[PDB]
file my_file_29.pdb (PDB, C-alpha atoms)
ATOM      1  CA  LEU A1211       9.564   7.380  21.114  1.00  0.00           C
ATOM      2  CA  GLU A1212       7.173   7.735  18.170  1.00  0.00           C
ATOM      3  CA  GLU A1213       9.461  10.536  16.960  1.00  0.00           C
ATOM      4  CA  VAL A1214      12.399   8.149  17.474  1.00  0.00           C
ATOM      5  CA  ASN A1215      10.593   5.546  15.353  1.00  0.00           C
ATOM      6  CA  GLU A1216       9.941   7.940  12.466  1.00  0.00           C
ATOM      7  CA  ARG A1217      13.478   9.355  12.542  1.00  0.00           C
ATOM      8  CA  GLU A1218      15.146   5.929  12.623  1.00  0.00           C
ATOM      9  CA  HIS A1219      13.046   4.810   9.651  1.00  0.00           C
ATOM     10  CA  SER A1220      14.472   7.769   7.723  1.00  0.00           C
ATOM     11  CA  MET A1221      17.966   6.894   8.974  1.00  0.00           C
ATOM     12  CA  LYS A1222      17.680   3.329   7.664  1.00  0.00           C
ATOM     13  CA  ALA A1223      16.492   4.566   4.259  1.00  0.00           C
ATOM     14  CA  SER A1224      19.411   7.005   4.028  1.00  0.00           C
ATOM     15  CA  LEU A1225      21.881   4.284   5.040  1.00  0.00           C
ATOM     16  CA  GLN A1226      20.453   1.874   2.450  1.00  0.00           C
ATOM     17  CA  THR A1227      20.749   4.473  -0.323  1.00  0.00           C
ATOM     18  CA  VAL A1228      24.304   5.279   0.805  1.00  0.00           C
ATOM     19  CA  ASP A1229      25.242   1.593   0.564  1.00  0.00           C
ATOM     20  CA  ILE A1230      23.762   1.338  -2.944  1.00  0.00           C
ATOM     21  CA  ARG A1231      25.802   4.369  -4.030  1.00  0.00           C
ATOM     22  CA  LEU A1232      28.927   2.824  -2.486  1.00  0.00           C
TER      23      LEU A1232
ATOM     24  CA  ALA B 340       3.450   0.593   1.797  1.00  0.00           C
ATOM     25  CA  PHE B 341       6.416   2.778   0.841  1.00  0.00           C
ATOM     26  CA  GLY B 342       4.934   3.404  -2.603  1.00  0.00           C
ATOM     27  CA  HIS B 343       1.609   4.682  -1.291  1.00  0.00           C
ATOM     28  CA  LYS B 344       2.800   7.399   1.084  1.00  0.00           C
ATOM     29  CA  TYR B 345       5.691   8.398  -1.220  1.00  0.00           C
ATOM     30  CA  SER B 346       3.311   9.018  -4.105  1.00  0.00           C
ATOM     31  CA  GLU B 347       1.956  12.595  -4.191  1.00  0.00           C
ATOM     32  CA  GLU B 348      -0.500  12.524  -7.119  1.00  0.00           C
ATOM     33  CA  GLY B 349      -0.579   8.809  -7.862  1.00  0.00           C
ATOM     34  CA  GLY B 350       1.651   8.017 -10.824  1.00  0.00           C
ATOM     35  CA  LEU B 351       3.723  11.184 -10.229  1.00  0.00           C
ATOM     36  CA  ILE B 352       6.466   9.934  -7.793  1.00  0.00           C
ATOM     37  CA  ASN B 353       9.542  12.225  -7.247  1.00  0.00           C
ATOM     38  CA  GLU B 354      12.918  10.680  -8.282  1.00  0.00           C
ATOM     39  CA  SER B 355      13.898  10.826  -4.565  1.00  0.00           C
ATOM     40  CA  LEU B 356      11.689   7.695  -4.361  1.00  0.00           C
ATOM     41  CA  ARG B 357      11.644   6.791  -8.080  1.00  0.00           C
ATOM     42  CA  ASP B 358      15.048   5.360  -7.052  1.00  0.00           C
ATOM     43  CA  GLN B 359      14.322   4.913  -3.307  1.00  0.00           C
ATOM     44  CA  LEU B 360      11.492   2.622  -4.492  1.00  0.00           C
ATOM     45  CA  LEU B 361      13.691   1.107  -7.229  1.00  0.00           C
ATOM     46  CA  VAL B 362      16.456   0.578  -4.595  1.00  0.00           C
ATOM     47  CA  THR B 363      14.169  -0.820  -1.867  1.00  0.00           C
ATOM     48  CA  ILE B 364      12.958  -3.087  -4.679  1.00  0.00           C
ATOM     49  CA  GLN B 365      16.621  -3.588  -5.660  1.00  0.00           C
ATOM     50  CA  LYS B 366      17.195  -4.446  -1.957  1.00  0.00           C
ATOM     51  CA  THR B 367      14.054  -6.005  -0.407  1.00  0.00           C
ATOM     52  CA  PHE B 368      13.351  -7.933  -3.616  1.00  0.00           C
ATOM     53  CA  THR B 369      17.121  -7.848  -4.385  1.00  0.00           C
ATOM     54  CA  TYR B 370      16.069  -7.124  -7.975  1.00  0.00           C
ATOM     55  CA  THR B 371      18.837  -5.580 -10.107  1.00  0.00           C
ATOM     56  CA  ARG B 372      17.374  -2.358 -11.569  1.00  0.00           C
ATOM     57  CA  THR B 373      16.517  -4.501 -14.650  1.00  0.00           C
ATOM     58  CA  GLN B 374      14.079  -6.624 -12.633  1.00  0.00           C
ATOM     59  CA  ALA B 375      13.363  -3.645 -10.339  1.00  0.00           C
ATOM     60  CA  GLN B 376      12.236  -1.506 -13.321  1.00  0.00           C
ATOM     61  CA  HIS B 377       9.446  -3.847 -14.523  1.00  0.00           C
ATOM     62  CA  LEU B 378       8.265  -3.788 -10.889  1.00  0.00           C
ATOM     63  CA  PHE B 379       8.661   0.002 -10.515  1.00  0.00           C
ATOM     64  CA  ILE B 380       6.501   0.354 -13.628  1.00  0.00           C
ATOM     65  CA  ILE B 381       3.828  -2.028 -12.255  1.00  0.00           C
ATOM     66  CA  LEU B 382       3.786  -0.437  -8.766  1.00  0.00           C
ATOM     67  CA  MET B 383       3.643   3.157 -10.042  1.00  0.00           C
ATOM     68  CA  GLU B 384       1.064   2.155 -12.711  1.00  0.00           C
ATOM     69  CA  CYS B 385      -1.080   0.251 -10.155  1.00  0.00           C
ATOM     70  CA  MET B 386      -0.495   2.576  -7.148  1.00  0.00           C
ATOM     71  CA  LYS B 387      -1.246   5.524  -9.486  1.00  0.00           C
TER      72      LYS B 387
END

call {"tool": "encode", "arguments": {"input": "my_file_29.pdb", "output": "structure tokens"}}
result
Amino acid sequence: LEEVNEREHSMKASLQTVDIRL
Amino acid sequence: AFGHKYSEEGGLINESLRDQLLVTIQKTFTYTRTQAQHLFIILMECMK
């Protein structure tokens, strides 16, 4: 679950950057 | 918090975050890159 927490933090950062590009 | 771990050698922050920071600033602080920039400068300068 700690690995889930680190991976989902990266997923939110990638989604935020994708929204800024769009 | 995001500026400190994404820092490498202090004031040398890779563009990957140069923007990621600018954008989180542009998002969390909702600061258009104009406003975000001044901040990016201060954070990098200070966090350096």

call {"tool": "residues_around", "arguments": {"input": "my_file_29.pdb", "residues": "residue 379 (chain B)", "least_positions_apart": "5", "cutoff": "9 Å", "atoms": "only C-alpha atoms", "output": "NGL selection string"}}
result
:B and (357 or 360-361 or 364 or 374 or 384)

call {"tool": "resolve_selection", "arguments": {"input": "my_file_29.pdb", "expression": "the PyMOL selection byres ((chain B) within 12 of (chain A))", "output": "list in words"}}
result
residues 341, 355, 356, 358, 359, 360, 361, 362, 363, 364, 365, 366, 367, 369, 371 and 372 of chain B

call {"tool": "atom_distance", "arguments": {"input": "my_file_29.pdb", "atom1": "CA of residue 352 (chain B)", "atom2": "CA of residue 368 (chain B)"}}
result
19.6 Å

call {"tool": "resolve_selection", "arguments": {"input": "my_file_29.pdb", "expression": "the PyMOL selection byres ((chain B and resi 344) around 12)", "output": "ChimeraX atom specification"}}
result
/B:340-343,345-353,356,360,383,386-387
